[PDB]
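Chemist: Pasting a structure here, questions to come.
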Amino acid sequence: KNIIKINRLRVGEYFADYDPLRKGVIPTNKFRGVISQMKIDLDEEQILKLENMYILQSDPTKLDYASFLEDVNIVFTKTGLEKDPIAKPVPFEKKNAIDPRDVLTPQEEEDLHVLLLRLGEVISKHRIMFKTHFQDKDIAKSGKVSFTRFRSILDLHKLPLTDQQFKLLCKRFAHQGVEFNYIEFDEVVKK
Amino acid sequence: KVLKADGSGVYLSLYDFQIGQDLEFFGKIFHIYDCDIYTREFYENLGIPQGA
Amino acid sequence: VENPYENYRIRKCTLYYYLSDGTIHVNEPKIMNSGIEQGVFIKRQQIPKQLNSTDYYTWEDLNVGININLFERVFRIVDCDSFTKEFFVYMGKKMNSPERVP
Amino acid sequence: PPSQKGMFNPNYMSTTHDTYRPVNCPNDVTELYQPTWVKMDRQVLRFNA
Amino acid sequence: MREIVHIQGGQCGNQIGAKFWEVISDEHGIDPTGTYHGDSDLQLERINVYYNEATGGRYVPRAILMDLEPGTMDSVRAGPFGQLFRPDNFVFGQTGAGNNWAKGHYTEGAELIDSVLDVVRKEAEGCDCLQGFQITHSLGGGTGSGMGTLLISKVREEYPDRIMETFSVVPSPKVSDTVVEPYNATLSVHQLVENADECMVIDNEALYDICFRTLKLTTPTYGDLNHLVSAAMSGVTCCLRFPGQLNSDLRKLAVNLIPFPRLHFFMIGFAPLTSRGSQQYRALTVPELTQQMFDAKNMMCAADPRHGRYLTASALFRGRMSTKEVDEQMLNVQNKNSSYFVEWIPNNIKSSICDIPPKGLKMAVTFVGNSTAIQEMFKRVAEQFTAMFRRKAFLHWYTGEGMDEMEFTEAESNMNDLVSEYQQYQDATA
Amino acid sequence: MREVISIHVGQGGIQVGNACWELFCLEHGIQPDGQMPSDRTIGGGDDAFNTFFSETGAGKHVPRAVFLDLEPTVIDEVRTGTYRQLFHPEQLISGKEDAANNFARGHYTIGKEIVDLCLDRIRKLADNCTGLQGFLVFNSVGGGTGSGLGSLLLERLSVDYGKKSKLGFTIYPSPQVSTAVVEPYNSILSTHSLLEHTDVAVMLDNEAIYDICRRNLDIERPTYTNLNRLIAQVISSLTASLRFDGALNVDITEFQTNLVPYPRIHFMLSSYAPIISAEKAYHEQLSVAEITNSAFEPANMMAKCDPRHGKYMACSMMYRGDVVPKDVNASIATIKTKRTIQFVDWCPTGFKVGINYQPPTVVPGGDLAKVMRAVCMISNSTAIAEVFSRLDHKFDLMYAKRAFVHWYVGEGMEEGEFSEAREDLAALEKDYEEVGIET
Amino acid sequence: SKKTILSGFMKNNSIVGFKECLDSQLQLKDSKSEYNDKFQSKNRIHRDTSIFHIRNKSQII
Ligand SMILES: Nc1nc2c(ncn2[C@@H]2O[C@H](COP(=O)(O)OP(=O)(O)OP(=O)(O)O)[C@@H](O)[C@H]2O)c(=O)[nH]1
Ligand SMILES: Nc1nc2c(ncn2[C@@H]2O[C@H](COP(=O)(O)OP(=O)(O)O)[C@@H](O)[C@H]2O)c(=O)[nH]1
Ligand SMILES: [Mg+2]
């Protein structure tokens, strides 16, 4: 849903050509091909979990896509029904996917607040600006490289930290597993 | 239809087929070891189950 | 679907009911730079409660702040004319508190 | 699953139905007779040897 | 596949087409909001024959509403199922023809028709594989009978291989609502005979007679007449949309019904038609259906079939029935009524079966019979035309628009030539 | 290692192919999805299905057939039916626009863009086989696309393959019952086309089969499916000798060498016996003598022709079940003894007989019952001239005034094409008359 | 209050004899067609051979 939301992909047409008799059911292999062709990344477990109950109970060949289209198109607009004036659709902003990896499940976030305060105080006293080195290090201008080069910049400006608080900070601010973005880091150390 | 090999002059029937038991068809000895699912169900219905 | 500014549009219209022969007329007024071909919505005719039936609407089935079905479109009556208000109290039929059209 | 035949009203019984009752049978046969070979059609056992 | 587009002309044409589209939408389970709510899987297999799919999942007919006055289309829009039509397909002028065929064919229509030709070209090129066009118009009204026939001429000139059927309502003497009917009727027939691939004639007089005698209802109305016409229209092309034992579409019907290229005027009827109180007591069978089909009073025309001989006849059955019974019934009819059937073509009746009955009926039949009895219509129309034309009455209203009397004389001569050569095959023998 | 390919063109061909293929699948034990069940086998032996099917390597089986039409309705119905998984998706060839009962349309205009795909599919199917016996083709002869596409297909196959045998099972219009009005025209044209291209042709008009259903099966309102089931039973009884062991087997090539006295005369009419319902099938013994008497009975011919109006040239009869050769000999002796049946003098012995051990199979929900014995008859007789004469009369009645001629002329056909077919039919009549006279 | 209610707008926009057909004539499902009664049944490898002969005169239809 989020990928269709942000990339603005209309999956309606690419299913119609494979169901010329308006039956609303297409073979599973063609479903896999068309869903992979639409540039959205696919995982073996993700493909199997998309098979789930969208397959018909009669043999592993047929798959009904009308329900899938209804479920994925609800985000753009509630165009399915117009004959209820009280019901109102919801303007859309990106729903972040909830997952244990991106959340600090244990409660130690209070010391993260203390570290943020300490960094803010020291950067205010020393009036150090270091976004330029971050934006210089990367070349895609999207997200900074992993922490092994991130510590180099944090040590270049005289402000190093021990293993514990660095581990907490990098765990908090890491994304996708190995990459360590920086723009949100600067927005967090905000004045 | 095949006559019994013992020379009694009687045709073979359903009760002459048993898993692990030999037969005789024209000077040969056949040993049967397995049968399909349907045959197993049919024999159980009569009351003469086949062997493992 | 494809309008960048909007996702849902609200069309407003006025409903006229005639006591002479129990017929209903509905039209929507014009809006300047509306970009919509706007005019008469339903001719002066008797409208059955359900499609393809012979059970028509009467004045006792009309009220403010209620949903009404007109050819499988569900209108929501928000307010009524001032003159209509004396009619219901003259006939003795209780009316509801009107809301505003969002 | 035999047919109903539960409506067998005596008040409307014809004379020749009342006389020629089913003799030498427990009851009235309803199943149409068919030979053995049509009943055991396409019935084959299989063994591995 | 093999879809057809729809073009409507005149007030009568728009009134007919509105009920036709309501009937079709009810048959296919499309609500007037354009949202499918059917129950049978066969309701959506061949919907592309008449409909286009738009983003958002609603269905829009491929119909074009063309006229010389905005009032009647503003009225038909406000009716039920009137929101289906795309607002871009509405094309209209502001002046009007005023029941003047010359004005509607030379002055105003010739100037206006470029836009409607553009939209027709767009609709025809949009489809995957065009099958044909179908037109509904009246031959008594100026703007319809003129602008529509010029449109037919241009469409035929642009698409020489496709099929062109027109449902035409001709003026009757008993029921007349216009003083200048014969003039534009003759002028319309002149152009229609040369261009139209198929033509089906309907009379308000015959519709009233049917509504008064068969249905036995006290107050016939234009709604009921349009309902008759719409059911008859849908019966012809039902077999193109639904599976049948014997498939037969419009091209097959034309090939099997038209003996010679200039004889393409057919007269139609529908069965069963029963009164409200007598619906529970009648039984629907093939013999009953075929007897009510071949009943003379059930025809939708003032032409009386027993004053002439049938050239060919066609019946389109709907429902589940046996082909043996159907064929024996048609053979029995042909054998018992051998005097009314032309003899130098053997077994001159065509049959077809479609397994999907009309909505609400166990069985139904549509009849299309090419009979030689229609010449009386043309004879009476020409009689009135020449009676009015020997004195040049109302002639200046046509001659002031660049048209002369030579065209009137040519139209009359061609009309009489059609009548004569059409009667020739009635008396021709082997 | 013996194979045969069946070609179904036109609505009638497709609708009879449905029945024959469901019958074949039921007879060979293949489920509608195409997979033989893992358990619950119904028949012994191997490669019995190899005549009509081809093993995919692992699992299912594929028919050796191709479906043609210029209208998508029937093909879509087949592709939506329960047999969707059986046929290969690229042999249900469908067009866009129909011929609309026009032989010129189906032969000159819109069939030339589909015959290429059809022939490519035929080549692909024929490459798989190794001992190809011949081709079977089904087509209603009074229909535009059927007639035209059959003409084109056989014309191409006669030169691409040559000596390979082709069998055509046509459905001629009834003497007085018909559904169209121009069918004599394209019937004459297609008879012209297939006379010089077909090895064996069978007359299977509908009125006689209607009468058979009314009399024997006791059905007053039959549909086309019963007729198709009877035709399918005829096909199965005809082809059972290729895939089932018998006392006297007969191949496809054993027909042209025994039933065709002269290359021109290869039109035959079929008879089948017994046709009987379950309500009365078990009250009589159904002996071979009585079933062959029923087969020779004139009112049971599947074509509306009277064998009593002409002499017999030769006869072909195939028995399946538990029939005995001495019973067959006695029955043939009695038939020869009978006086109302007469053969030509220059054919002293006029019977070719076949015996098969596999009894006919029964389709659930059908009309026929289960019998131990059955006989199918293919006979060549001089009586077949009357149908040609009556269609010639009907053709002349309409061609006197040049009715409907423009609808064929406008699609590339020359004006004189009708005439040559006309004298070809007249010459066929004269050939029958010349052969039938005594010496 | 029997015929005094009539008005032009109400009268001309009401169908009298072409409304819904009375029931007991609607009893056909539009979903079912030919080739679906018999070739869409299911088909069985082993059939049921039981046939019953009742002592009731068959109804004529
Ligand atoms: N035996 C039999 N004949 C049929 C059947 N259906 C149609 N016919 C015959 O076919 C003739 C007309 O041809 P169609 O089957 O309708 O179709 P076609 O031959 O492919 O020609 P087109 O209609 O142009 O597609 C009719 O005169 C019928 O006699 C059927 O189911 N069984
Ligand atoms: N069936 C039917 N005929 C109508 C209707 N309204 C008008 N007519 C006929 O149409 C004729 C008038 O044609 P007209 O509408 O003026 O044609 P136009 O000039 O093209 O709009 C009259 O003689 C009527 O008989 C209607 O609602 N239904
Ligand atoms: Mg056809």
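Protein chains in written order, with the entry's author numbering: chain A, 744 to 934; chain B, 156 to 207; chain C, 104 to 205; chain D, 56 to 104; chain E, 1 to 430; chain F, 1 to 439; chain G, 166 to 226. Virtual Cβ for every residue (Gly too), placed ideally from N, Cα, C.
Does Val-84(D) have its Cβ less than 7 Å from a Cβ in chain F?
Modeler: Position 29 of the fourth sequence, counted from the first residue, corresponds to residue 84(D). Chain F, which has no Cβ nearer than 7 Å to the Cβ of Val-84(D), makes this no.
Chemist: Counting C-beta neighbours from all protein chains within 10 Å, is the total for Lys-19(E) 16 or more, i.e. buried, or is it exposed?
Modeler: As a first step, residue 19(E) is located in the fifth sequence; it is residue number 19 there, counting from the start. By the beta-carbon neighbour count (other beta carbons within 10 angstroms, threshold 16), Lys-19(E) is buried.
Chemist: If you follow the beta strand (DSSP E) that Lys-352(F) is in, where does it begin and where does it stop?
Modeler: As a working mapping, residue 352(F) is identified with position 352 in the sixth sequence. Counting along the chain, the beta strand (DSSP E) containing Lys-352(F) begins and ends at 351–356.
Chemist: Just checking my contact of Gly-106(F) with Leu-154(F) at CB under 8 Å: how many whole Å lie between their CB atoms?
Modeler: Numbered from its first residue, the sixth sequence carries residue 106(F) at position 106. Numbered from its first residue, the sixth sequence carries residue 154(F) at position 154. Contact check for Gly-106(F) and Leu-154(F): beta-carbon distance about 13 Å, past the 8 Å limit, so the pair fails to qualify.
Chemist: At which residues does the alpha helix (DSSP H) containing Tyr-222(E) begin and terminate?
Modeler: As a working note, residue 222(E) is residue 222 in the fifth sequence. Element bounds for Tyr-222(E): 222–241.
Chemist: How far does the alpha helix (DSSP H) with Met-301(F) in it reach, from first residue to last?
Modeler: On the sixth sequence, position 301 is the one that residue 301(F) refers to. Looking at the DSSP string, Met-301(F) is not in any alpha helix (DSSP H), and its letter there is neither H nor E.
Chemist: Rounded to the nearest angstrom, what separates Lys-60(D) and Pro-81(D) at their Cα positions?
Modeler: Along the fourth sequence, read from residue 1 onward, the residue named residue 60(D) stands at position 5. Along the fourth sequence, read from residue 1 onward, the residue named residue 81(D) stands at position 26. Going by the C-alpha atoms only, they are around 16 Å apart.
Chemist: Please name the residue in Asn-195(E), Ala-196(E), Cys-199(E), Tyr-222(E) whose C-alpha comes closest to that of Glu-205(E).
Modeler: For the purposes of this step, residue 205(E) is taken as residue 205 along the fifth sequence, with counting starting at 1. The residue with the shortest Cα to Cα distance from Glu-205(E) is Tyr-222(E).
Chemist: Given that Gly-365(F) touches chain G, what residues does it touch there, using C-beta distances under 7 Å?
Modeler: If you number the sixth sequence from 1, residue 365(F) lands on position 365. Going along chain G in sequence order, the residues near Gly-365(F) (Cβ under 7 Å) are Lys-203, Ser-206.
Chemist: Going along the segment 215–248 of chain E in order, which residues come within less than 7 Å of chain C, judged by CB to CB distance?
Modeler: Taking 7 Å as the Cβ-Cβ cut-off against chain C, none of the residues of the segment 215–248 of chain E qualify.
Chemist: Under a three-way DSSP split, which group does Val-932(A) fall into?
Modeler: For the purposes of this step, residue 932(A) is identified with residue 189 of the first sequence, where counting begins at 1. Reduced to three states, the DSSP call for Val-932(A) is coil.
Chemist: Hey, how far is the Cα of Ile-896(A) from the Cα of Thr-820(A)?
Modeler: As a first step, residue 896(A) must be located in the first sequence, where it is residue number 153. As a first step, residue 820(A) must be located in the first sequence, where it is residue number 77. Straight-line Cα distance between these residues: approximately 46 Å.
Chemist: Can you confirm whether the segment 160–177 of chain F touches the segment 98–117 of chain F when touching is taken to mean that 3 or more C-beta pairs between the two stretches lie within less than 8 Å?
Modeler: no
Chemist: Quick check on the burial criterion: 16 or more other C-beta atoms within 10 angstroms. Buried or exposed for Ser-6(F)?
Modeler: As a working mapping, residue 6(F) is identified with position 6 in the sixth sequence. By the neighbour-count rule (16 or more Cβ atoms within 10 Å), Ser-6(F) is buried.
Chemist: Relative to the C-alpha of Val-368(E), which candidate in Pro-243(E), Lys-359(E), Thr-323(E), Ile-268(E) has its C-alpha closest?
Modeler: As a position in the fifth sequence, residue 368(E) is number 368, starting the count at 1. Checking every option, the nearest Cα to that of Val-368(E) belongs to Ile-268(E).
Chemist: Which ranges would you report for the alpha helix (DSSP H) in the segment 59–84 of chain E if only whole runs of at least 4 residues count?
Modeler: Complete alpha helix (DSSP H) runs here, min 4: 70–78.
Chemist: What does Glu-77(F) touch in chain G if you count any residue whose Cβ is under 7 Å from its own?
Modeler: Your numbering for residue 77(F) matches position 77 in the sixth sequence. The contacting residues are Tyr-200.
Chemist: Please go through the same chain and pick out, in chain order, the residues whose beta-carbon is closer than 7 Å to the beta-carbon of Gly-141(E), but skip the five residues on each side of it.
Modeler: Taking the fifth sequence and counting its residues from 1, one reaches residue 141(E) at position 141. For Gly-141(E), where only same-chain residues beyond five positions count, the Cβ hits under 7 Å are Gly-10, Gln-11, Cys-12, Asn-99.
Chemist: Three or more C-beta pairs closer than 8 Å, one from the segment 383–392 of chain F and one from the segment 314–325 of chain F: is that the case here?
Modeler: no
Chemist: Per DSSP, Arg-179(C) is paired with what?
Modeler: Translated into positions along the third sequence, residue 179(C) becomes position 76. In DSSP, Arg-179(C) forms a bridge with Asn-170(C).
Chemist: With 8 Å as the C-beta to C-beta threshold (strictly closer), list the residues of the segment 19–49 of chain F near chain B in chain order.
Modeler: Those would be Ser-38, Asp-39, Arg-40, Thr-41, in chain order.
Chemist: For chain H, find out if any of its Cβ atoms is closer than 7 Å to the Cβ of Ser-172(G); answer yes or no.
Modeler: The chain labelled as chain H is not found among the protein chains of the depicted structure, namely A, B, C, D, E, F and G.
Chemist: In the structure shown, what three-state DSSP assignment does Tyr-312(F) receive?
Modeler: Translated into positions along the sixth sequence, residue 312(F) becomes position 312. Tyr-312(F): strand per DSSP, three-state reduction.
Chemist: Is there a Cβ from chain G that is less than 7 Å from the Cβ of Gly-10(F)?
Modeler: Numbered from its first residue, the sixth sequence carries residue 10(F) at position 10. Chain G contact via Cβ: absent.
Chemist: Under a three-way DSSP split, which group does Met-377(E) fall into?
Modeler: Looking up residue 377(E) in the fifth sequence gives position 377. The three-state secondary structure of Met-377(E), taken from DSSP, is helix.
Chemist: Might you give, ordered along the chain, the residues of its own chain that have their beta carbon closer than 7 Å to the beta carbon of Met-415(E), omitting 5 neighbours on each side?
Modeler: Counted from its first residue, the fifth sequence places residue 415(E) at position 415. Contacts found: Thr-186, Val-189, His-190, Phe-378, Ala-382.
Chemist: Run the CB neighbour count on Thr-70(D), radius 10 Å, all protein chains shown included, and call it buried at 16 or more, exposed below.
Modeler: Residue numbering aside, residue 70(D) sits at position 15 when the fourth sequence is read from its first letter. Exposed: under 16 other Cβ atoms inside 10 Å.
Chemist: Which residues have their C-beta within less than 5 Å of a heavy atom of ligand 3, listed in chain order?
Modeler: Proximity to ligand 3 was defined by a C-beta distance below 5 Å to any of its heavy atoms, and the residues meeting it, in sequence along the chain, are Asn-247(E), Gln-11(F).
Chemist: At 3 residues or longer, what runs of the beta strand (DSSP E) sit wholly inside the segment 118–183 of chain E?
Modeler: 130–138, 163–169
Chemist: Quick check: the segment 331–348 of chain E against the segment 239–252 of chain E, are there 3 or more CB pairs under 8 Å?
Modeler: The segment 331–348 of chain E is not in contact with the segment 239–252 of chain E.
Chemist: Comparing the CB of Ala-201(F) with every heavy atom of ligand 5, is any distance shorter than 6 Å?
Modeler: With respect to small molecules bound, the structure shown includes ligand 1, ligand 2 and ligand 3 and not ligand 5.
Chemist: Spell out a yes or no on whether the segment 294–308 of chain F and the segment 195–212 of chain F are touching, meaning 3 or more CB-CB pairs, one atom from each, closer than 8 Å.
Modeler: yes
Chemist: Where do the N-terminal and C-terminal ends of the alpha helix (DSSP H) with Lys-887(A) fall, by residue?
Modeler: Residue numbering aside, residue 887(A) sits at position 144 when the first sequence is read from its first letter. Counting along the chain, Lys-887(A) falls outside any alpha helix (DSSP H), and DSSP gives it neither H nor E.
Chemist: If distances are taken between C-alpha atoms only, which option among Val-169(E), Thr-323(E), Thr-218(E) comes closest to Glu-220(F)?
Modeler: Numbered from its first residue, the sixth sequence carries residue 220(F) at position 220. The candidate whose alpha carbon is nearest that of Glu-220(F) is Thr-323(E).
Chemist: Can you find the residues in the same chain that come closer than 7 Å, C-beta to C-beta, to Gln-358(F), ignoring five residues on each side of it along the sequence?
Modeler: Along the sixth sequence, one-based indexing puts residue 358(F) at 358. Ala-240, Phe-244, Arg-320.
Chemist: Confirm the yes/no value for this check: CB of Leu-269(F), any heavy atom of ligand 2, distance under 6 Å.
Modeler: If you number the sixth sequence from 1, residue 269(F) lands on position 269. Every heavy atom of ligand 2 is 6 Å or more from the Cβ of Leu-269(F), so no.
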